[PDB]
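Reviewing the structure listed below.
Here Cβ is always computed from backbone atoms with ideal geometry, including for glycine, and neighbour counts include all displayed protein chains. FYI, it's all coordinate maths here, none of it is from the lab.
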Amino acid sequence: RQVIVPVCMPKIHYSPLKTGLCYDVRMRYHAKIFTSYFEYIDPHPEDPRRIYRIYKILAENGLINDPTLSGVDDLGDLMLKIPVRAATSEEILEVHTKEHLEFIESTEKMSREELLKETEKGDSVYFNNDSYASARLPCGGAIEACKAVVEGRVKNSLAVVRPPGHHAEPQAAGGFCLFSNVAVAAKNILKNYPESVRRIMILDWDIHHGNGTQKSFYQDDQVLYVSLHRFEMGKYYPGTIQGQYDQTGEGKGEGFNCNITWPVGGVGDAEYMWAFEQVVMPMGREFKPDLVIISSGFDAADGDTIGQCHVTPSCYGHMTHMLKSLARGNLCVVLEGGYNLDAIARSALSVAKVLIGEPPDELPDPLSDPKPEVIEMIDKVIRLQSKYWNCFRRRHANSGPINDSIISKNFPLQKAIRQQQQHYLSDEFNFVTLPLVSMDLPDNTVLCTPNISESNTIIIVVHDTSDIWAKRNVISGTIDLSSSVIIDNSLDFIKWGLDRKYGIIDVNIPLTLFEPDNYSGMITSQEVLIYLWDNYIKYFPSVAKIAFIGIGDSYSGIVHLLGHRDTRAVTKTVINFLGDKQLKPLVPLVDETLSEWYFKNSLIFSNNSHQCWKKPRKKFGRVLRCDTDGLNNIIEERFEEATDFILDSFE
Amino acid sequence: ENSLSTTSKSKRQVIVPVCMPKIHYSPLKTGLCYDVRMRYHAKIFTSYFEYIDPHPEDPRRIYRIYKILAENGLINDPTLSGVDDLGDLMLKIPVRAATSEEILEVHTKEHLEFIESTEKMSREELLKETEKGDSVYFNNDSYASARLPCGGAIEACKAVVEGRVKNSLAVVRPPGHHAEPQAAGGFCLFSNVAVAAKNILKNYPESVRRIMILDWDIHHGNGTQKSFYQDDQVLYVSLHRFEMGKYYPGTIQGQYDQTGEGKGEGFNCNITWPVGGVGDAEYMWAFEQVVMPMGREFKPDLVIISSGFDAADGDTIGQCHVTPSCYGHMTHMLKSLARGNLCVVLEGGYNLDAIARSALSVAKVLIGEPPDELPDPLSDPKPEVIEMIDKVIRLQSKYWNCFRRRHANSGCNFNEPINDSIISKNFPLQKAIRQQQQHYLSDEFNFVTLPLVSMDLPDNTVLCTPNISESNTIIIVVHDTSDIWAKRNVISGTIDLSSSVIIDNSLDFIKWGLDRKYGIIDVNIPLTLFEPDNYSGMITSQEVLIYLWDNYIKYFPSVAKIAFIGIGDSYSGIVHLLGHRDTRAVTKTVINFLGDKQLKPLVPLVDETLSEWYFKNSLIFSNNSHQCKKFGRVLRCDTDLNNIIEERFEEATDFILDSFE
Ligand SMILES: [Zn+2]
Ligand SMILES: [Zn+2]
């Protein structure tokens, strides 16, 4: 009965609120006019049916009570309409040149054949008689959304809005894009309110390049322009030089542009997730945007006809949640592109429930293990932004190619590898160096098991040098060279051949320098292979069941033992961990029957992202695609399949 | 006005009927537990009336932050008791006792009867178990109201796994992160978090099997660390100070390298801060480093949130400056990582005000909001934080897939026991450098080693010249691991050996000293060698410097004119030893190529003309993209580091030979 508080009003800031949308029944009208029949077997590259499917997949999934799938003013208690009207033109010429807009103003009064001319002249464009308000209304809607965004009239806004804008360059467009929507929006919110709107991040992953949006703020500092697109400089549309990684901005805008390109289609989730969490979040702190305008486009998802990717809806909903986090609910998610109607619905169904306020779902594939163009793509981007920004300086030992002539005095980098190998394989497994003299190689490099003569079953392993893993430090620059580990990739099959007590011969090959294919290493592999079989092994009478095991390089010397010598009177099946190296096919020389025998009992293992697989001959002879990348990965991993295969080939 | 004006003069037929919508997070509201019966049990005071200071475990801290949430309109009840009716935005949790079958799953029975005995012990024995069982307060009423912290720790969670609440909290006293079966400590009566976290899986192993545990109370959750130590189902994360024993608890089990034990390995992740005073920068760094990718790679079914704001911006024991907006952002970004399978539990925060604003921010994130953004976005952590997090995501590739191939780790694998054995196929390359330069300088110039006998390292680490005793003039070239330059194969962390140019820049000073025919101790710093793993090569390299100077160098017959070439961070202990020992009559000079390394803090011990004698005796050269009186003639150079080594090598040897005239 002693009182400390009364009944009082609860005090929050976000979520009593409703999700604003941008949708129109008149945006469907700008369409392509009948010229060819190939356009039917084309995916209708900007089809107008990208809207309503998404507007189906949210309304019939419970998020909108609607009996009509059109406009009734009772929108429930989670969705807002944004009323878009016919806009004016000075907002458009914040970006555009004026006679670009007079070219668009003409199209209200042009006849048909003149648009067939100007679609022959426009760089993959399309027009219609009904394109005048469809040029203006996405831009005026992009302003009318963003005004509700940065004040916080909506808690979040999203635009299921066609046509796209990101190919509408100021002089003359090209790329199906009438006027730029987001660039007009981002100019006019800075120049209507530089009190609320102080800095804008524009991000895009519509996988055609935003050349209509880049040059609008290529000079500007207040827009951090992050773009994500396939480059493919002439082939895929468009390949500008504005899409390239060197475009860090201009003048005051230097560092306020960030291009991310994609060299191949068919990529997945943690490509975008891992790339997103590397670049998008720290500079999305340090840049301090108020609003990030978020540019979707369905040329890039799972099931797209052109992008052909593997990217889940869930990946999109997780980046929806973290850019909900990165802004303060200053969210304008906009849509640009799309070919398919089936990528769009699963992705919109994931993302719009995040923008109601649910967390996104757990990952259907949490293991993309992303494709290595994404891994080596963003590194030079971090180099130029670390030339401009604090948020990747010293976080990756960055600090904001200079000499090539110090080569003649150098720590020779391969001697103590094979000396160290020689000492532990000389004590633990006690390898006789049996030297192949009257040749050229260092001495302790051919290490055999003793009594190799009476040892019938001989396992030979030739390899390169050891693999060298390293740690590079993070505080200042260079590579922490102690924590370089020396991956001796030959130990386990040596332990298998001494587990079964075979004649083990190991040959290391010193590599060739600065060279794509390790060619003189292949030359001395033919010298080794021809010298061993033409000097001592026919003069071993007590011999059967030989297998050759090549790691990495120099397969063509053992190919030269097959196609140039009858070594298969004693040997049975050759093993190659090729991996990333170039294909060494067996040339058909005496016949193609020994190549057919090669095609029946041999093993070659190569990578996923190696030369092929983007079918081949029988003279390659059962080369096996591997998705666990590295020589070390298949040497530890398919130990067991190797010792089942060659003991299938033996007794 | 317009053109189209579509004619729909019809009864437009209904597509989807009257239905309840498919939303599946937040139609319901956050649960809150509160009872006055936790506000009872206290301490017995002896010397003076010690109600001047509130104790860090206190009956009013719950009512403090409960009053902070009473300020913000959430509670209609005037009494501020535990009742259910509050408005429409939260919901209250009831509490039954933890029964002895619910708490004796983990606990010894002696613990339960001992609490039941100190329920009725005498006041002298309340002081005796206060002094005997360390750091646990006692008073003559325990078991009638100690049943309820663990009891609510059970019974809040069954609303979560049923789906009667999105996610919730547990404001609770006493804590539970320093309590074991056989013992306790740390103001803990029972472990409220282990008897929060077992019971959901034991009473329901039909919806939840794997649980992740957050802990950022900067006292390490030590009693619960052993409670799930072999439990492979339960992944655990704790963030805490280490201090080598001195912060509480301060053990070897509060160390970053405890991955787990038995089958529970890879389910235990510790984070040690080597120095406090951290802010939002290191938490939003580390929170996106390890938590998010393995939290997507693992995907638990429930997350227990051990919450402690003893490192908050305003709190005194954790001494740190982490603002409430950081706590709100770490609240906000873990909704996505599970489905929302979250429950906060109160663990730490002993200033009355930092826990108030911090839990005020966590409350108005998880009642449905994003937090306020970070007020310093050019935030810039301590570099040793990122160094220790590099050593965190070092050994992650021996288990986890998300931390290899993206963070350049897939070539190595640390399930290889990293040694010159065969089961290691990974071999340390600083021994290959030193075996190569050992073999190389012995077939070149017959070069010998030292032992570090009585020093905890391996033997072939450090070298010297043959007959250093009659070497009357001694150069000491001090070096860290050298510097190679290649393309960055950034999938694996392996390199291309063909594109890689290693300079042994110190060897040029060695051969230049062979144009002087003078003595050399080739001192090497591998950066800790990673094998004792608790290790800082700074201080142990200073122990080597003590070991050389105070065991060998002064006691030499013709000793004179001693030169000292430290290289970068391997000049830092020369800041120590020259600071700590008087060498000034026998030193002619002391050389540094810093480059882009940091400056090293001057620690003098013998006289204050060390800085001026060292200012005479030093040529120090630093890099140009480095952009950099008592640190002794630090010359920034022009042409680059190895261009300024060929630019300033002549400068250094000309200063040495003009010290020789
Ligand atoms: Zn587009
Ligand atoms: Zn604490």
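Looking at residue A:52, is it within 10 Å of chain B (Cβ to nearest Cβ) and touching a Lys or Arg at 6+ places or on another chain (Cβ under 8 Å)?
Working: within 10 Å of chain B (Cβ to nearest Cβ): no; touching a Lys or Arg at 6+ places or on another chain (Cβ under 8 Å): yes.
It is false that residue A:52 is within 10 Å of chain B (Cβ to nearest Cβ) and touching a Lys or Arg at 6+ places or on another chain (Cβ under 8 Å).
For residues that are within 13 Å of ligand 1 (Cβ to nearest atom) and of a type outside the set (A, V, I, L, M, F, W, C), scanning just the range A:175-206, find the one that is surrounded by the most Cβ atoms within 10 Å (Cβ to Cβ).
Result: A:181.
Any residue at all in the range B:492-499 that is surrounded by fewer than 19 Cβ atoms within 10 Å (Cβ to Cβ) and of a type outside the set (D, E, K, R)?
Looking only at the range B:492-499, we keep the residues that are surrounded by fewer than 19 Cβ atoms within 10 Å (Cβ to Cβ), and these are B:496, B:498-499.
Pick out the ones that are also of a type outside the set (D, E, K, R) and you get B:498-499.
Yes, there is a match, as at least one residue in the range B:492-499 is surrounded by fewer than 19 Cβ atoms within 10 Å (Cβ to Cβ) and of a type outside the set (D, E, K, R).
Among residues belonging to the range A:252-309 that are more than 16 Å from ligand 1 (Cβ to nearest atom) and polar (S, T, N, Q), point out the one that is surrounded by the fewest Cβ atoms within 10 Å (Cβ to Cβ).
That would be A:308.
Of all residues being of a type in the set (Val, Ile, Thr) and closer than 29 Å to residue B:91 by Cα in the range B:35-75, which is surrounded by the most Cβ atoms within 10 Å (Cβ to Cβ)? Just the residue, please.
Our first condition is that a residue be of a type in the set (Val, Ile, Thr); within the range B:35-75, this holds for B:36, B:44, B:46, B:52, B:62, B:65, B:68, B:75.
From what is left, the residues that are closer than 29 Å to residue B:91 by Cα are B:36, B:62, B:65, B:68, B:75.
Details: B:36: 14, B:62: 18, B:65: 23, B:68: 17, B:75: 26.
Here the answer is B:75.
Could we say that residue A:47 is charged (D, E, K, R), closer than 30 Å to residue A:125 by Cβ and more than 8 Å from every other protein chain (Cβ to nearest Cβ) here?
Working: charged (D, E, K, R): yes; closer than 30 Å to residue A:125 by Cβ: yes; more than 8 Å from every other protein chain (Cβ to nearest Cβ): yes.
Criteria met by residue A:47.
Given the criterion in contact with a helix residue (DSSP H, G or I) (Cβ under 9 Å, 6 or more places away or on another chain), surrounded by fewer than 19 Cβ atoms within 10 Å (Cβ to Cβ), in a loop (DSSP other than H, G, I, E, B) and of a type in the set (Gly, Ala, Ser), identify the matching residue among B:410, B:421. Let's see the steps before the verdict.
On the way: B:410 fails: surrounded by fewer than 19 Cβ atoms within 10 Å (Cβ to Cβ).
The unique qualifying residue is B:421.
Would you say residue A:480 is of a type in the set (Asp, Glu) and assigned to a loop (DSSP other than H, G, I, E, B)?
Judged against the criteria, residue A:480 is not a match.
Please work out which residue is nearest to residue A:59 (Cα to Cα), limiting yourself to the range A:77-117 and to residues that are assigned to a loop (DSSP other than H, G, I, E, B) and of a type in the set (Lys, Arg).
Taking the range A:77-117 first, the residues assigned to a loop (DSSP other than H, G, I, E, B) are A:77-78, A:82-91, A:95-97, A:107-111.
If we keep only those that are of a type in the set (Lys, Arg) as well, we get A:85, A:109.
Working: A:85: 24, A:109: 38 Å.
Within the range A:77-117, the match that is nearest to residue A:59 (Cα to Cα) is A:85.
Checking residue A:228 against (1) part of a loop (DSSP other than H, G, I, E, B); (2) buried (at least 24 other Cβ atoms within 10 Å of the Cβ); (3) within 15 Å of ligand 1 (Cβ to nearest atom), which single condition isn't satisfied?
Residue A:228 satisfies every listed condition except (1).
In the range B:310-327, which residue that is touching a strand residue (DSSP E or B) at 6+ places or on another chain (Cβ under 6 Å) and charged (D, E, K, R) is nearest to ligand 1 (Cβ to nearest atom)?
Among them, the one singled out is B:313.
Go through A:426, A:438 for me and flag whichever is part of a loop (DSSP other than H, G, I, E, B) and either surrounded by fewer than 21 Cβ atoms within 10 Å (Cβ to Cβ) or among the hydrophobic types (A, V, I, L, M, F, W, C) (or both).
Working: A:426 fails: part of a loop (DSSP other than H, G, I, E, B).
Among A:426, A:438, only A:438 is part of a loop (DSSP other than H, G, I, E, B) and either surrounded by fewer than 21 Cβ atoms within 10 Å (Cβ to Cβ) or among the hydrophobic types (A, V, I, L, M, F, W, C) (or both).
Please find, within the range B:191-212, the residue that is farthest from the other protein chains (Cβ to nearest Cβ) out of those that are within 16 Å of ligand 2 (Cβ to nearest atom) and either in contact with a strand residue (DSSP E or B) (Cβ under 8 Å, 6 or more places away or on another chain) or more than 24 Å from residue B:100 (Cβ to Cβ) (or both).
First pass over the range B:191-212, keeping only residues within 16 Å of ligand 2 (Cβ to nearest atom): B:191-193.
Okay, now just the ones that are also either in contact with a strand residue (DSSP E or B) (Cβ under 8 Å, 6 or more places away or on another chain) or more than 24 Å from residue B:100 (Cβ to Cβ) (or both), so B:192-193.
Working: B:192: 27, B:193: 24 Å.
For the range B:191-212, the residue satisfying everything is B:192.
Among (1) closer than 30 Å to residue B:228 by Cα; (2) surrounded by 15 or more Cβ atoms within 10 Å (Cβ to Cβ), there is one condition residue B:117 misses while meeting the rest; what is its number?
Just one mismatch for residue B:117, condition (2).
Any idea which residue in the range B:521-559 is farthest from the chain's Cα centre (by Cα), counting only those that are crowded, with 23+ Cβ neighbours inside 10 Å and assigned to a loop (DSSP other than H, G, I, E, B)?
The residue in question is B:522.
Can you name the residue in the range B:233-250 that is crowded, with 16+ Cβ neighbours inside 10 Å and part of a loop (DSSP other than H, G, I, E, B) and is also farthest from ligand 2 (Cβ to nearest atom) among such residues? Walk me through it before giving the result.
Of all residues in the range B:233-250, those crowded, with 16+ Cβ neighbours inside 10 Å come to B:233-242, B:247-250.
With part of a loop (DSSP other than H, G, I, E, B) added as a condition, the list becomes B:233, B:242, B:247-250.
Numbers: B:233: 26, B:242: 14, B:247: 10, B:248: 8, B:249: 10, B:250: 13 Å.
This residue is B:233.
Could you run through the range A:464-477 and say how many residues are facing chain B (nearest Cβ under 7 Å), under 27 Å from the mean Cα position of the chain (by Cα) and not in a strand (DSSP E or B)?
Qualifying residue count for the region: 2.
Restricting to the range B:483-509, name every residue that is hydrophobic (A, V, I, L, M, F, W, C) and outside any helix (DSSP H, G or I).
Going through the range B:483-509, the residues hydrophobic (A, V, I, L, M, F, W, C) turn out to be B:484-486, B:490-491, B:495, B:497, B:501-503, B:507, B:509.
Matches in the range B:483-509: B:484, B:485, B:486, B:490, B:491, B:495, B:497, B:501, B:502, B:503.
How many residues does the range B:629-661 contain that are surrounded by 14 or more Cβ atoms within 10 Å (Cβ to Cβ) and assigned to a loop (DSSP other than H, G, I, E, B)?
Step one: filter the range B:629-661 for residues surrounded by 14 or more Cβ atoms within 10 Å (Cβ to Cβ), giving B:631-637, B:639-649, B:651-653, B:655-656.
Subset that is assigned to a loop (DSSP other than H, G, I, E, B): B:631-633, B:637, B:639-641.
Of the residues in the range B:629-661, 7 are surrounded by 14 or more Cβ atoms within 10 Å (Cβ to Cβ) and assigned to a loop (DSSP other than H, G, I, E, B).
To keep it simple, each residue is scored yes or no on (1) in a loop (DSSP other than H, G, I, E, B); (2) within 14 Å of another protein chain (Cβ to nearest Cβ).
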site	(1), (2)
B:561	no, no
B:565	no, no
B:576	no, no
B:583	yes, no
B:599	yes, yes
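On the basis of being within 16 Å of ligand 1 (Cβ to nearest atom) and either in contact with a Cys (Cβ under 6 Å, 6 or more places away or on another chain) or of a type in the set (S, T, N, Q) (or both), does residue A:330 make the cut?
Values: within 16 Å of ligand 1 (Cβ to nearest atom): no; either in contact with a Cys (Cβ under 6 Å, 6 or more places away or on another chain) or of a type in the set (S, T, N, Q) (or both): yes.
Spelling it out, it is not the case that residue A:330 is within 16 Å of ligand 1 (Cβ to nearest atom) and either in contact with a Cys (Cβ under 6 Å, 6 or more places away or on another chain) or of a type in the set (S, T, N, Q) (or both).
Can you tell me which residue is farthest from ligand 1 (Cβ to nearest atom) among those in the range A:141-162 that are within 18 Å of residue A:95 (Cα to Cα) and surrounded by 24 or more Cβ atoms within 10 Å (Cβ to Cβ)?
Step one: filter the range A:141-162 for residues within 18 Å of residue A:95 (Cα to Cα), giving A:141-144, A:146.
After this cut, where a residue has to be surrounded by 24 or more Cβ atoms within 10 Å (Cβ to Cβ) as well, the list is A:141-142, A:146.
Working: A:141: 16, A:142: 13, A:146: 18 Å.
Result: A:146.
What residue, among those in the range B:480-531 that are touching a strand residue (DSSP E or B) at 6+ places or on another chain (Cβ under 9 Å) and of a type in the set (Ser, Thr, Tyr), is farthest from the other protein chains (Cβ to nearest Cβ)?
Among residues in the range B:480-531 that are touching a strand residue (DSSP E or B) at 6+ places or on another chain (Cβ under 9 Å) and of a type in the set (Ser, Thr, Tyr), the one farthest from the other protein chains (Cβ to nearest Cβ) is B:518.
Go over the candidates A:362, A:358, A:336 one by one and state the one that is within 16 Å of ligand 1 (Cβ to nearest atom) and charged (D, E, K, R). Quick ask: steps written out before the conclusion?
Values: A:362 fails: within 16 Å of ligand 1 (Cβ to nearest atom); A:358 fails: within 16 Å of ligand 1 (Cβ to nearest atom).
Answer to the selection: A:336.
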